[PDB]
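The block underneath contains the structure these notes are about, expressed in structure tokens.
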Amino acid sequence: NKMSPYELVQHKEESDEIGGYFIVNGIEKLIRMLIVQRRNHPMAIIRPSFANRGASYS
Amino acid sequence: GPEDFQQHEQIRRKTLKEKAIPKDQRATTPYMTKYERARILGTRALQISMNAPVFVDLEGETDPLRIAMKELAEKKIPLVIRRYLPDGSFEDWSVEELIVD
Amino acid sequence: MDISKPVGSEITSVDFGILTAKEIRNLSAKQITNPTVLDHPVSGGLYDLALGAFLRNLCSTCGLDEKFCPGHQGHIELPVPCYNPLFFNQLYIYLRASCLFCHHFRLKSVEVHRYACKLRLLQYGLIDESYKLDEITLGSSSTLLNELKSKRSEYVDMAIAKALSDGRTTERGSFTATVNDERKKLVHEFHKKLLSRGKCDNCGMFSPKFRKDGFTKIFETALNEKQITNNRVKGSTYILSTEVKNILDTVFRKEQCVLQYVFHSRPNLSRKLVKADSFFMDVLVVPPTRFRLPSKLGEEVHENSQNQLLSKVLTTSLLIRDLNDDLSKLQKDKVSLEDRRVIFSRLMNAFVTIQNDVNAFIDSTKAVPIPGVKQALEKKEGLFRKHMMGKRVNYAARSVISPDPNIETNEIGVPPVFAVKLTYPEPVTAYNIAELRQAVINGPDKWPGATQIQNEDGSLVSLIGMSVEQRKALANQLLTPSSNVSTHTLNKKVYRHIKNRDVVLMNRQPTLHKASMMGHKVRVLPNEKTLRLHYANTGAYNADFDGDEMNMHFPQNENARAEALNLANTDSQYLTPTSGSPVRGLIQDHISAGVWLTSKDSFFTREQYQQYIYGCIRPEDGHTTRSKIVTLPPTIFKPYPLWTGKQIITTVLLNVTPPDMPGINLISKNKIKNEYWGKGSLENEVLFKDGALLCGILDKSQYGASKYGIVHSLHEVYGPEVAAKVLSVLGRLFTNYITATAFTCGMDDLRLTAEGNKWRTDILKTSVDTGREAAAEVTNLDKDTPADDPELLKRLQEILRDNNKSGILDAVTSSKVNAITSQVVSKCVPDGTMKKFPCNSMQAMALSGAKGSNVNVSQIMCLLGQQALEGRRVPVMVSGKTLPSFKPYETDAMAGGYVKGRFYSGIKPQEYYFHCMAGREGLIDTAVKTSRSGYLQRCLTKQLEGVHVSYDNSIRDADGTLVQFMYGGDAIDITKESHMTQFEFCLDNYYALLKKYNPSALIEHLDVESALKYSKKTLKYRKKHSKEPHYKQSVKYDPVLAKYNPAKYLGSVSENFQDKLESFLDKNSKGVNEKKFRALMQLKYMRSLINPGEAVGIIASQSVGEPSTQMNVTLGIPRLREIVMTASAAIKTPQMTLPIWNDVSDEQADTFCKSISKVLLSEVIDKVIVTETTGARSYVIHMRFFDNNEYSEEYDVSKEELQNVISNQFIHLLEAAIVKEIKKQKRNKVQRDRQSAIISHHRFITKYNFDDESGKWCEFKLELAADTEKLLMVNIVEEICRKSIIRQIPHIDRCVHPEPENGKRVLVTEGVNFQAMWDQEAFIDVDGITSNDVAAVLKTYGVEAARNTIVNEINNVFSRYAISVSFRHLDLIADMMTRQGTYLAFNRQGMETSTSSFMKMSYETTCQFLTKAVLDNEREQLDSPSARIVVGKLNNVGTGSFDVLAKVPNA
Amino acid sequence: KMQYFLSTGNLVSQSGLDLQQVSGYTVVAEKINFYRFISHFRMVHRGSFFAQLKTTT
RNA sequence: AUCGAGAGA
DNA sequence: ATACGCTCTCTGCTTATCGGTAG
DNA sequence: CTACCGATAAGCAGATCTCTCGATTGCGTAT
Ligand SMILES: [Zn+2]
Ligand SMILES: [Zn+2]
């Protein structure tokens, strides 16, 4: 977490090893960032599927 | 039995004769089509590569397709094209009878 | 396929049938009982040794190992018969509409007999008889009906006997597409008539109904109290499989008479009775162990899914059998019924379970789910489309392609890695042992060598693990007399490597046309791991050398060798059949090298000239026709000899063109003007004379893929071989020239001068205010208004809110800024450039056509211009800012995406952002378009794969159905149509054309007088006539192509060709006379005919599919879908064009358009005020219109018509909407008389009025009951105002008057209604109206008008994108579509009426077409190409159109 | 279970999150070069929903 | 064998 | 501890309940 | 006065070039 690059090369990793990924079965994995709706904001929406949901639905 | 096969054979040959178009009234192209030329060359090459007697003189060549092309140039291909009409009628044109291009 | 093991027998046809339970019990090897597969195989299990050998266990049936055991079927005995999932719908339809009492159908017996007689007639080609039987209605009670049925039976018998006697049908019946359509329609109507019955007619005994809940379950409902009342005078429940089987067995054994014809399409010789046991599965047949071997993947052992489902069926069957023994205890012993009731309910549940298990084993959508046997044969991954219509192949290779100009243009460069693995079976002989023995001595490793030596008896010895001395011994014993008599008619084969003489077939996916798979010649190169391809093939394959790869198929028999070297080879495909244009030639470096070599500035000494000539042309390789290179006198004699590049071109032609022929006389142009060479130059005008380039420069237009260039002309005059040789020689020449005088581009090519830069700056300084001016024009504001005026900003805000106004603003601004861009580029190129042509290599590439274009040059050197996104400018955020940098509503061209920057100098960050937007859109569009048109080609080709050319010169489908009587009307090959109207070219090259045609050998085999006489008569008659319309003229003379065969009678030509030839000979009188020239041109027409056996259907499908990828009425792929993929009766944009009389002014035409176009009521409404008062719940719906002098002018609608529509339709619709909403919520005395009339006519109108003096208001009070809840009364009123029409003509949305294009003045209306425009003859030329809608024109004008509309529309999609597709393809498509008199389509709907069912089931919905083909016992004679490849028989099109016979010399 | 989620990408949830897709949540950080590796940690995805679609807005 | 990620034209 | 029973796409064909016309 | 045939609202079946790598059923149960 806080090792300087000298200690990082001493512990066999890399000079400027970066984080953000996991190791599972010796294969490195990353949880890819995804884009989602802005939180805590009511946004007006027009969508045909809203009317397709039922009857009398605008 | 034997008579049933005899009548089956007679019906088959009668149908064959009823389908054949005699040489005096065929109304197809006098030329040899590209497909006919290609298949006649391929079949003659197959035959000669299968140890058939040859008529033209070999010039040291060993490609059967080239020998077949030489025979077609010399009009020595002993083959007949049976052009089939849509209804099953057929005209038996000869290779020498047709004019290549 | 070994050619030394001939096969005598052949599969003539295959007929679908039903596997009965008796034969499978007879044919099976053993029954499978326990649902355990392994402990070693379980005896009596699925992997039993009677179903085939299994893992070194010899099969107990045939006693052979896993190699020699074909696998045998077994059967599992179902305890109860089960509903076959395939036939369940027919089972259900026949179960319904039947009498359980009388065991006959609930339809009248006489009507059933009528249907049976009609079907018996349709079994033969007797459509007319089966319709003349209907008019025998009695005529001419029970005795009368019996006599009528006897009359109908005797009529059918006599008609069939007459047909058999007179030859129209044999005893096997005549089954074609139209008789199939009639039979399907008759059977469909028979079933529909059956199912629409309520009470039995032979005995009025009401039968209980039935209900459906999917599969495996059929239930019946009980009659009602009033229904059983008739059942009281005639004197829910789960039905069982055995019960329904007994019911349908009785019905079928009673109505055999009609069933023998309902379940047959051709007469059945054996007269086998149709039985109801064929619809039930009492036995399941298990596929052999060979086809159900375990799926083992290393340690990952998995059980076969079929074994899983069969084991489940076995478990349920054994459970039922065990349940059948303890239930016997509760029936023989007098035990209570509760336990017996439980055991019986368990037995019923087990019946349902075994039925579902069988339905799972057969199908997987009726039972994540395990794929059954139906899913293995269903879709793209199914058995058909993945293992019969496309396969993996031996003797093929794949690699990356790299260019090579030192290889023949018809050759391929094959690495030694491929050349040692690929091999060809060459049988040894007495003339071949010279090289085959050498190859055997070489061995598998030393190219060229033999990997294997196939003995006479089929033994395949391998030389890989063999020593050199042993290989030499084998090669010495290679040619030996056969010691065995049984094998004395064979010779040993040698699997020698792929030499230089062998032929190979290349292919690059996607194969969008046949040109993308050609037969190249093999050239074994010494470096490895890349396929070397000339630059001529890049255009053919759409290939490239940035990572592209392509396959290399190696044919294994001399038949395929000849096919690839002659029919599929590279040089015989110089011209694409899509439009007849060439597709081969040099591309970039050769084009620029030729532009530099063939200028006046090029001079070469004697040694340089000789070196170039010998570099390009090499007689020892066969490149020279004279065996000795011949040169020319120099164009300069003093001070020292100097040749010219044009002399090098002349010498190249002189040495490759055959002698004893005149040189080419060609006059053409090139792409580089005469202002790019200076004042007075004439280098734009290419000029050949006796094969000597005397003027002009060779360009892209001459060598390359360009019509009427020197290479195309050489092709036409000297055959394809000479054009191929010329391409190869020019490739070698322009390669060696570019080595010594290399070509380059740099930074100085991209620079302008100081004056050019000042011009660009001065013009671009005028672009600052164009955006503001355009915005002011769009917002209807006077010019010279400030860019930040409040009213301008408000209007721009409105435009931002409204998408249409935004598009209008974008169009106007884009037009202005594109005008400015054009000013800049035309001013600054090439006048302002620093380095100029030909030194400027950038402009050299642009003008020469080697690479790039003037657009790219302008973008690099002047500016990038407007960035267009989705046909608009850059998107603008909700705040009016198109980017954070630009202030809201910025009226500036740069803000909207106008890039005043060039790639030479760089673009600002904002312009960089906009250009990234545009580039991203382009990448997206290319990614979509690369395969948006992939379904269309297969949809066309599935149906058109059999349409070929017959020896009658009539194109007709594979079965025999005639599509057209003559290909394109004239039987002219498109690849040979090029130089037919080139009469000047033919006159110039007359002597070489005569030499190539040789009429000396084309006289004794032709009739040269009768066709000419008939054509003269026809031309004379047509010249006398043709001043009268097409309907009034009497024919009296069919065109000469109809009477006389164009390929056998000289002079029989199309009316257009003859007219053009005569017009030429009459308009230019020019030493060879007109008689011999006309004779030569007619012989050329004879020799330009499409050969019998041509795959014209495939060619048309490919030529309408592949050009589609190059892509207010729908265009491109959507329109091609509407027309040729589904044939929609309702298209997105139905339009019909209306010609106008020449005496109608444009004002009158516009007035007619206004008076014809529809106008809704909402289009004259200003606003509506609803004053709702509940003080019994009323409404006062005041309506406000525009000014009369405004809406009457705009729409031609007056006060009287407005009052009429309001009084009649608007108020009525308002009342209807109000009452529907109310029901939904539960869950001047003339004016007085008018008001009273409206009140009386409508439900709850209390007051009414109208502005009878101005037409400005329509205020009427409405009232309702107080008990009703609150209504919106604004939304419904608005909807009603939208709905109600003021003046409309049915189906016409809007009639508009476009600008007169092509001279003619036409109107276009949205929506097709022909019979409604026939009434306006005073303004419309009623006999000239044409429409987009093919269905409407088919309905109101006939099949042929629909044919013309299809052709014109399917041509209008390509011709908008400047794509040329020959009308022969479109005519063939349309004549295949309307081949039944209806606007059919290319899909499974239009495919149903087809003789071959293999084709349809390979197409799609395989299960459905299989059930239909097995119910009718259809027998297809293996005619369609799909059926041929399913059964593995030689195709019918092309080289399979005939047969080859051997003339033995002994009887 | 966390290791299964990281190895497969499948979001096996008995209740379902507020997200649309159920699979492909974890990518394998490839090490072809440092440019690829560093760009793995700067990418943001719209979702697997829009890959199988026709609308291009 | 199946479904997920990605890559080449 | 272990073996074995088990939630945001495009068409076109087909079915259902309300309209009449006629014996 | 009811049977039969259209005729629009609803339901249901279906396709849209090559190549790597990674991952792989949950409990239950009777000893
Ligand atoms: Zn066996
Ligand atoms: Zn009955």
Side-chain angles (χ1 to χ4, degrees), chain A residues 24-25 27 29-30 32 45 47-53, chain C residues 89 192-193 195-199 212 294-298 300-305 312 315 365 368 370-371 378-382 385 390 398 400-401 507-512 516 541-551 926-928 930-939 1117-1118 1121-1122 1125-1130 1385 1387-1390 1392 1403-1405 1407-1408, chain D residues 1 3-10 12 16-30 32 36 40 45 47-55:
Chain A
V24 286
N25 296 342
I27 302 182
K29 295 295 302 296
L30 155 92
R32 178 170 55 193
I45 279 195
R47 269 171 33 74
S49 186
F50 279 6
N52 173 271
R53 185 156 299 275
Chain C
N89 277 336
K192 177 180 184 60
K193 203 73 173 59
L195 299 186
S196 63
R197 279 310 179 185
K199 181 175 54 186
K212 191 178 181 301
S295 182
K296 181 182 180 180
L297 306 172
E300 186 198 354
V301 178
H302 288 341
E303 181 190 350
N304 193 8
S305 297
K312 189 166 185 178
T315 55
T365 187
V368 173
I370 278 83
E378 180 55 33
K379 290 189 184 304
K380 178 193 57 174
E381 312 291 344
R385 289 189 55 185
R398 181 176 179 89
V400 181
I401 53 176
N507 163 240
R508 179 201 175 270
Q509 289 76 6
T511 309
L512 292 175
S516 185
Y541 291 100
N542 204 334
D544 200 319
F545 305 100
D546 67 325
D548 292 54
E549 32 195 2
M550 77 172 50
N551 313 261
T926 58
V928 172
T930 196
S931 56
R932 192 50 61 196
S933 169
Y935 194 25
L936 175 53
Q937 167 134 356
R938 77 167 301 255
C939 97
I1117 311 299
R1121 284 194 61 262
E1122 281 191 320
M1125 255 180 61
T1126 167
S1128 69
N1387 51 30
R1388 47 178 162 92
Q1389 282 87 319
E1392 57 185 22
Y1403 183 57
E1404 65 197 22
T1405 49
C1407 61
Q1408 298 191 7
Chain D
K1 298 167 184 175
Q3 179 175 345
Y4 162 82
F5 163 69
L6 288 173
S7 58
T8 41
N10 298 323
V12 172
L17 270 306
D18 211 79
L19 316 179
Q20 320 295 340
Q21 44 168 131
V22 314
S23 182
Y25 277 91
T26 64
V27 316
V28 38
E30 277 280 44
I32 279 78
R36 185 93 165 97
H40 272 322
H45 208 303
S48 283
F49 194 5
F50 307 88
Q52 313 286 356
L53 219 77
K54 300 299 183 183
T55 302

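Below, chains carry the letters A, B, ... as their sequence lines are ordered, and counting in each starts from 1.
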Check your understanding: With sequence neighbours left out, what residues match C:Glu1392 under side chain to side chain donor-acceptor pair (under 3.5 Å)?
Key -> none
Review point. C:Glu300 or D:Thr26: which one's nearest nucleotide on RNA chain E is closer to the 5' end?
Key: C:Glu300
Check your understanding: Judged by atom type as modelled, is there a donor-acceptor pair below 3.5 Å linking the side chain of C:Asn551 to the main-chain atoms of C:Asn507?
Key -> yes
Practice item. Please work out if the bases of strand neighbours F:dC18 and F:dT17 stack, meaning their six-membered ring centres are under 5.5 Å apart and their ring planes differ by under 30°? Key: yes
Check your understanding: In terms of the nearest nucleotide of RNA chain E, which residue is placed more toward the 5' end: C:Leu297 or D:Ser48?
Key -> C:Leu297
Sub-3.5 Å pairs of nitrogen or oxygen atoms, protein against nucleotides 4-6 of chain G:
residue, atom, partner, partner atom, Å
G:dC4, OP1, C:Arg197, NH1, 2.6

Point to revise | Carboxylate-amine/guanidinium proximity below 4.0 Å for C:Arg1388 and C:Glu1404 | key: yes
Quick test: give all pairs of protein nitrogen or oxygen and nucleotides 6-9 of chain E nitrogen or oxygen below 3.5 Å, distance rounded to 0.1 Å.
residue, atom, partner, partner atom, Å
E:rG6, OP1, A:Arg32, NH1, 3.0
E:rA9, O3', C:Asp548, OD1, 3.2
E:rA9, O2', C:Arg508, NH2, 2.5
E:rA9, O2', C:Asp548, OD1, 3.4
E:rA9, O2', C:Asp548, OD2, 2.4

Study note, to complete from the structure: The nucleotide from G:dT24, G:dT16, F:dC8 with an atom nearest the side chain of C:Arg385 is G:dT16
Check your understanding: For F:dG20, does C1'-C2'-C3'-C4' say north (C3'-endo side) or south (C2'-endo side)?
Key -> north
Review point. Looking at the side chain of D:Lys54, which of F:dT9, G:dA23, G:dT16 is the nearest nucleotide?
Key: G:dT16
Point to revise | P-based separation of F:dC10 from G:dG26 [nearest Å] | key: 37 Å
Practice item. Could you check which of G:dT16, E:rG4, G:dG14 has an atom nearest any side-chain atom of D:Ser23? Key: E:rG4
Can you give me the N/O atom pairs linking the protein to nucleotides 19-23 of chain F at distances under 3.5 Å, or say none if there are none?
none

Study note, to complete from the structure: Sign check on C1'-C2'-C3'-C4' at F:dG19 (positive = north, negative = south) puts the sugar north
Check your understanding: Do the side chain of D:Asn10 and the main chain of D:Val12 share a donor and acceptor less than 3.5 angstrom apart?
Key -> no
Revision key, fill the gap. Nearest-nucleotide check on DNA chain F, C:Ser1128 vs D:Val22; residue mapping nearer the 5' end is D:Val22
Practice item. Sort by first number and list every stem of DNA chain F: at least 3 consecutive Watson-Crick or G-U wobble pairs, both distances under 3.5 Å. Key: F:10-23 with G:1-14
Practice item. Check whether any side-chain heavy atom of D:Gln21 sits under 4.5 Å from a side-chain heavy atom of D:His45, and report yes or no. Key: no
Study note, to complete from the structure: Taking Watson-Crick and G-U wobble contacts under 3.5 angstrom, with | marking pairs to another strand and [ ] crossing pairs, the secondary structure of RNA chain E is written ||||||||.
Review point. Looking at G:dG14, G:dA23, G:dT16, which one has an atom nearest to any side-chain atom of C:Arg938?
Key: G:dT16
